[PDB]
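These notes are about the structure you will find just below.
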Number of protein chains: 2
Amino acid sequence: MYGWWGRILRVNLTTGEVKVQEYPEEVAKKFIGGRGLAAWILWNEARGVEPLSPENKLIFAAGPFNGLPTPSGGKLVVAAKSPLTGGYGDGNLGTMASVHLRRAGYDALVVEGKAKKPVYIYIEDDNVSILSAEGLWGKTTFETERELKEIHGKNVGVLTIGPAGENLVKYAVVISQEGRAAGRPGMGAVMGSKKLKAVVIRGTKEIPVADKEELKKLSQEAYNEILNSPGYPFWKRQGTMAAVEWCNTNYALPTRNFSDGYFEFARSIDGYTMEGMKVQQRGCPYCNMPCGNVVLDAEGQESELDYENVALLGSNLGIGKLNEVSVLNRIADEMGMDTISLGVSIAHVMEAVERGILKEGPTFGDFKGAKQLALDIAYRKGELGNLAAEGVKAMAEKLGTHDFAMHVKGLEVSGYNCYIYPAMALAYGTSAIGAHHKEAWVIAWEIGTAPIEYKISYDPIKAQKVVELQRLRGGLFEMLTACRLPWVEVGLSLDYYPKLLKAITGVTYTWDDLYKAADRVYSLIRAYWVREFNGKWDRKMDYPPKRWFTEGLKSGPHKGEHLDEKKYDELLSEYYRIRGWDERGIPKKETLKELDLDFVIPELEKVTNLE
Amino acid sequence: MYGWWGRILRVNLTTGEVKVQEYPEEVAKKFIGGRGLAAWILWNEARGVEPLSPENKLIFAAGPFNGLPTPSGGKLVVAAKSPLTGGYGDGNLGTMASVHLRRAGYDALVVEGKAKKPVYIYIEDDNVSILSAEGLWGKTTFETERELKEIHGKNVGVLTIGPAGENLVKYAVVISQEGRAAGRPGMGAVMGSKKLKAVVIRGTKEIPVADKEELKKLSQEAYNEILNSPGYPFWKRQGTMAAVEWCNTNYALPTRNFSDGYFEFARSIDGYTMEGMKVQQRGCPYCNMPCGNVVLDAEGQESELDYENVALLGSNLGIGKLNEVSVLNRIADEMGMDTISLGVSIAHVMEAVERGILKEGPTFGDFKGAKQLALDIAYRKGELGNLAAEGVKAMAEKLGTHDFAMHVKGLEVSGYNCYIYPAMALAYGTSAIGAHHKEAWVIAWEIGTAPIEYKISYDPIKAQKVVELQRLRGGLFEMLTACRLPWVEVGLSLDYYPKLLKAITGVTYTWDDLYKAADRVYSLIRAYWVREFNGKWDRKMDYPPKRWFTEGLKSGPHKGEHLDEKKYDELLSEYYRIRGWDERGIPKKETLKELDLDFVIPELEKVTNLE
Ligand SMILES: O=C(O)CCCC(=O)O
Ligand SMILES: O=C(O)CCCC(=O)O
Ligand code: SF4
Ligand code: SF4
Ligand SMILES: [Ca+2]
Ligand SMILES: [Ca+2]
């Protein structure tokens, strides 16, 4: 076997037992890795279990691409049954943990059970131990990693959670190298429910590559393509921050709980501003186009800014000062909590206050008030903090504010307001893990322009794009697993991947073979949601926030415009027609059979009638 | 006598003698104050003196508006025969030292001679002493003021010099309240040559006011007008920083030693960027539209930004990040040196390195190298820091680089590139104190738009608008002396100034009275220049830098466009005709008499032939 190790390190914090699981090569080829392997493991190992119970599984899934020097391939997936959604949840992050874990002889690491007290996992090649972390508990992500490296050395990849993860804040994430995060659906709160404070990994093994010479050839070639791309220079200057002005220009910038798509103070939180405030630039391993743009916040503190962070914690909260937003950014990072859901849950809170629905809390534009709630959310201090820490879906059920509850399947919506963007809306509506732009960033194609540089329509070809995009973004790249920005941003050729995959694993994959795996992973994940939801499922699960229907843009040429329920629904059907799912959103026996997923049928058959 | 005290404080550092000179009421009425009063003094007392010798007079001249609550009337002028230009030089700065000086019973303070050791002047009403400052010498202006306040309390006005003054950097200035500055022509280098480290003032006296009730009402009315003007909200947001975009939009932004009028990275150093980097806002005494905007620099240090600082230290140096320009900004402030002349002297070096004339030194964009040269200049470290500390005119004489020496009369050009702006060019060419935009910021009128929100022409009416602007900017406002911005930026009616003066001094000044007074100040100063230049003088002293005539814009639709000498010469002649000067730029006998300057004629007649 080449590329894959075919080994999965298993760590039980309840029994303290550490073993290595050897899975079949066919399963490697079948799911390639990352989200694929993760999906495979959760179907089998996380059946009907509570997301915060010790029976849940936390998976750090890598891919054949990881551990080896491949263009921006130092990513990693973190999965487990989500405490936020209740279905499948996963995330990605660039970190040396990815390089060191695969070089330590593992394709993934699964963690079950829960420690009786705070602990951290230590992994150095074949030496794996569960050590006491009693002294780290309570510390920020930054400090935790720093102290651990002060002990073991700089040559280790470190994964940690902050108080937010510790206090089981619903959308807690996992952090690495101060800035890289993973797991919006609550991978951090799962890690936290297990009293697992961190993970330190060190690898030195030589990974078996089928064709060594071709890997160096392809990689070296892919880098140069990236370096000479016309988009390199600008990317290097603004990274994802360049979407701020772009989204404002297109009325897609979420402002005050997605109320409007235009923020009057975009310019003071935009990319050029970020540029004149940049003091450092970091990146994930093996990437020659770093986009970890670090600035100094309002308190002179370093803060790594990303578009999604600035949009949900900036324009979305009515705060138009980068130095200030950056302060909220840094807090989410050290507390270990998703910028998007945090910024969305606080925005939700801000509107309920202006509506007089909530007696107290910060309102739009209140920076100091927002900073306070964020910290209270992290430490779950106060009734409000404890509520906003549960996400907008849950918080809304309690308050009775589903009107402006911006989520899908439980997960809070990203930074693209789709009042007049059907394909993007459908992308949020169908995301495999809940509202997120990860899998289908169709908005750029839907408009015709891109940040690196209009008529509404529900043409059923839009659904086709989403599906095609999902296959690559929420599929191929979430399985290799590698960064998709070299392609999405500077236009690196997608041909390098099938060729690199063959140079590594020695297996030849046709783009059609890959689409199948991606479509396979999507039907298995959907299957998971259904099984876990106990057959309680219908096409509405795939619906965008009601607000994109009953309300409209509040300014500009498209003032008053929005999405239409009928045409959206008709577009959902096209999506289901292309995926092979029934009108309920569930795969059909022919599709499950067709995708090598027969074992799923009897199981879904036990919860509902299949088609 | 009302308004004026008719009293001037005299301190002789050499002999230590301290007295109070009484000056006539026609002298006050005649010259009103500030710059008016300073010119009368310099003409009489700084005859033939070495700008850096003990005989030179350091004047701190206030006016009828100072010491009283007048709209943004907390200004003060600093004058002396200039060390950089060799002619009449002066500056203006907002400082509590303006209020306290007048509340102590003085209209102005005149330091002469030279202390035998570091000393500072202490003033508290009638108690005036020359104290030892031996423990202060060497410390930054910021630190000097903080330390003195820790001793005498916060309720005082402090004026200081930094090591640039101490070391006699030719464009050394006087600083106050970290940020406020005065004296581009080297007032700080004169303060330093006297071994004078600071001046602490405190006043408690009540100033005689002709009409107490009117002054109140007029002031209350002026502030509200400011508060309600449409441009107020935006002025509060960007201050003078709004001039970067607007200047870039008009090809007026000095870029790489005035090489171009456009900067490709202007955005990351603009008012919107600044806006999102703002942590504090300060202002001068008695102003309800504060504009001292404080940002955090690349090093986390507070920096007070003003358009001119960012233009000559940013885009002019080819440095496109605002946090890095702010760093250079802070250095200027704490070292006590004019941001403008420092930036121009540096850009000149940068262009000199690039062209290979200089074998060592920084280049455009080299922030680290510019910061080092800036510190090397303040401390006069090395042949380079030493040459640069002399200004571009002197530096150019040494390097033989007259071609890209951006100065007029020895004083370096401001933040407005005039390849295609004949009025502004005439403004710099005729500025009383040498190149500056203080007296005539005509560029806005010439374009038809202003920052608070094209065909080249040499219409002789342009020479009229300059003279008109000078009467107000380089006259009325430097004599009162009050801030011009409330009128210039938000548009406060200029009609409050003649009424307020009247309500304070009791005298009725009509606009023609003011135009005559300002004109007197202009002919007197020119007189000073000619006399001190020993009759060696001609129209070329009023010419803009050669670069704008033999080179043109390098980009945009005006690419290649430049200024026509012949047509400019004609514009200058219209200027001399209007002012009543000969084709040599020297006042005409009939003109002097006309302005009550007969006493100038016998004196000038000793060096040249009058007309
Ligand atoms: O700006 C974003 O959040 C998305 C960047 C492009 C991508 O998702 O691939
Ligand atoms: O932007 C500047 O430097 C000038 C502001 C307007 C004025 O000079 O009055
Ligand atoms: S482009 Fe950005 S997210 Fe992608 S690998 Fe490079 S630094 Fe990481
Ligand atoms: S407008 Fe600015 S410079 Fe003028 S008095 Fe006010 S704070 Fe000072
Ligand atoms: Ca980040
Ligand atoms: Ca200043």
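Can you run phi through the Karplus equation (6.51, -1.76, 1.60; θ = phi - 60°) for the stretch A:44-55 and list ³J(HN,Hα) in whole Hz, with x for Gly and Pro?
Taking θ as phi minus 60°, the curve returns 5, 7, 10, 8, x, 7, 6, x, 10, 7, x, 7 Hz for the stretch A:44-55.
For the stretch A:239-416, rounded, prolate or oblate, judged on the Cα gyration tensor with a ≥ b ≥ c (square roots of eigenvalues), a/c < 1.5 rounded, else prolate if a/b > b/c?
prolate
If you average 1/r over all unlike Cα pairs in the stretch B:1-117 and invert the result, what Kirkwood radius do you get in angstrom?
14.3
On the Cα set of the stretch A:1-209, report Rg and Dmax in Å, please.
Every Cα atom of the stretch A:1-209 included, Rg and Dmax give 15.2, 43 Å.
Tell me whether the stretch A:508-560 comes out rounded, prolate or oblate; compute the Cα gyration tensor, take square roots of the eigenvalues as a ≥ b ≥ c, and use a/c under 1.5 as the rounded threshold.
Oblate, because a/c is 1.5 or more while a/b does not exceed b/c.
Quick one: which residues, 5+ away or cross-chain, put their amide H under 5 Å from the amide H of B:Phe65? H built at 1.01 Å from N.
For B:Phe65, the qualifying residues are B:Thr481.
Determine the percent antiparallel among the DSSP beta bridges restricted to the stretch A:1-209, to the nearest 5. Can you show the working numbers first?
Values: 31 of 42 bridges.
Restricted to the stretch A:1-209, the bridges split so that about 75 percent are antiparallel.
What ranking of A:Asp569, A:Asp107, B:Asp582 emerges when the number of other C-beta atoms within 10 Å of each C-beta is taken as an exposure proxy, fewest first?
A:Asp569, B:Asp582, A:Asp107
Which cross-chain or sequence-distant (5 or more) residues have an amide H under 5 Å from the amide H of A:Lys197, H modelled 1.01 Å from N in plane?
Sorted by chain and number, the residues that satisfy this are A:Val119, A:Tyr120.
Rounded to whole angstrom, how close does the nearest chain A beta-carbon get to the axis mapping A onto B, and which residue is it?
A:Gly300, 2
For the stretch A:316-461, divide the Cα radius of gyration by the Kirkwood radius and give the resulting Rg/Rh value with two decimals.
Value, to two decimals: 1.00.
Before rounding to the nearest 500, sum -39500 (n - 2.57) across all DSSP H runs of length at least 4 in chain A and divide by the residue total; then give [θ] at 222 nm in deg cm²/dmol.
Values: 26 runs with 246 residues, N = 611.
Calculated mean residue ellipticity at 222 nm is -11500 deg cm²/dmol.
On a straight-distance basis, which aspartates and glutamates could pair with A:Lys81 in a cross-link, Cα separation under 14 angstrom, same-chain partners fewer than 8 positions away excluded?
A:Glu45, A:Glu50, A:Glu55, A:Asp90, A:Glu112, A:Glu532
If you take all C-alpha pairs in chain A, what percent of them are over 36 Å apart?
Details: 55284 of 186355 pairs.
In whole percent, the share of Cα-Cα pairs in chain A beyond 36 Å is 30.
For A:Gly89, what residues show an amide H to amide H distance below 5 Å, using hydrogens built from the backbone and excluding near sequence neighbours?
Placed amide hydrogens put A:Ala80, A:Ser82 under 5 Å from A:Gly89.
If you take the square roots of the eigenvalues of the alpha-carbon gyration tensor of the stretch B:146-298 and sort them as a ≥ b ≥ c, do you get rounded (a/c under 1.5), prolate (a/b over b/c) or oblate?
oblate
Translational diffusion coefficient of the stretch B:103-213 at 4 °C, 1.567 mPa s, Stokes-Einstein with Kirkwood Rh over Cα pairs, in µm²/s as a whole number.
Stokes-Einstein gives a translational diffusion coefficient of 90 µm²/s.
What does the copy distance list look like for A:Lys19, label position 7 Å along Cα→Cβ, in nm and ordered from shortest?
10.5
Taking K and R as +1 and D and E as -1, what net charge do the other residues with C-beta under 13 Å from the C-beta of B:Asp582 add up to?
Counting the neighbours of B:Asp582, the net charge comes to +2.
Please work out, to two decimal places, the log10 of the ratio I(q)/I(0) at q = 0.19, 0.23, 0.25 Å⁻¹ from a Debye calculation in which every Cα of the stretch B:20-73 carries one identical scatterer.
With no solvent term, the Cα-only Debye profile gives -0.74, -0.94, -1.03.
Based on the Cβ-Cβ distance from A:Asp403 to A:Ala210, what FRET efficiency comes out when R0 is 45 Å, to the nearest 0.05? Intermediate values should be presented prior to the final figure.
On the way: r = 56 Å, r/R0 = 1.24.
Taking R0 as 45 Å, the efficiency between A:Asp403 and A:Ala210 is 0.20.
So what J values fall out for the stretch B:175-191 if you push phi through Karplus, 6.51 cos²θ - 1.76 cosθ + 1.60 with θ = phi - 60°, rounded to Hz, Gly and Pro as x?
3J(HN,Hα) across the stretch B:175-191, in whole Hz: 10, 8, 6, 5, x, 6, 9, 8, x, 2, x, x, 5, x, 6, 8, 4.
Would you mind ranking A:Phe234, B:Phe60 by Cβ crowding within 10 Å, fewest neighbours first?
Final ranking by Cβ density, sparse to dense: A:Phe234, B:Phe60.
Which of the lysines could a cross-linker bridge to B:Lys546, judged by Cα under 21 Å and excluding same-chain residues fewer than eight apart?
Filter leaves B:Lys393, B:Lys398, B:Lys409, B:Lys462, B:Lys536, B:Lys554, B:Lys559, B:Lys566, B:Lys567.
What ranking of B:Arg184, A:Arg471 emerges when the number of other C-beta atoms within 10 Å of each C-beta is taken as an exposure proxy, fewest first?
Ranking B:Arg184, A:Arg471 by Cβ neighbours within 10 Å, fewest first, gives A:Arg471, B:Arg184.
Hey, what's the per residue convex hull volume over the C-alpha atoms of the protein assembly as shown, in cubic angstrom?
178
If you plug each phi of the stretch A:67-73 into the Karplus form 6.51 cos²θ - 1.76 cosθ + 1.60 with θ = phi - 60°, what whole-Hz ³J(HN,Hα) values come out, in order, with x for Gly and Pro?
x, 9, x, 10, x, 6, x
Report, largest value first, the span of the C-alpha coordinates of the stretch A:460-534 along each principal axis, in whole Å.
Taking max minus min along each principal axis of the Cα atoms, the stretch A:460-534 gives 42, 30, 20 Å.
List the trypsin sites (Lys or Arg not before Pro) within the stretch B:71-116 that DSSP assigns to loop and that have no more than 13 neighbouring Cβ atoms inside 10 Å.
Filter output for the stretch B:71-116: B:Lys116.
Shortest first and in nm to one decimal, what separations exist between A:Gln280 and its copies in the other chains, measuring from label points 7 Å along the Cα-to-beta-carbon line?
2.5
How much net charge surrounds A:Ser129 when only the other residues with a Cβ under 13 Å from the Cβ of A:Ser129 are counted, with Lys and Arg +1 and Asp and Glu -1?
-3
Computed from the coordinates by the stated procedures, all read-outs in this text should not be read as laboratory data. So basically every Cβ, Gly included, is an ideal-geometry build from the backbone, and we count neighbours across all protein chains shown.
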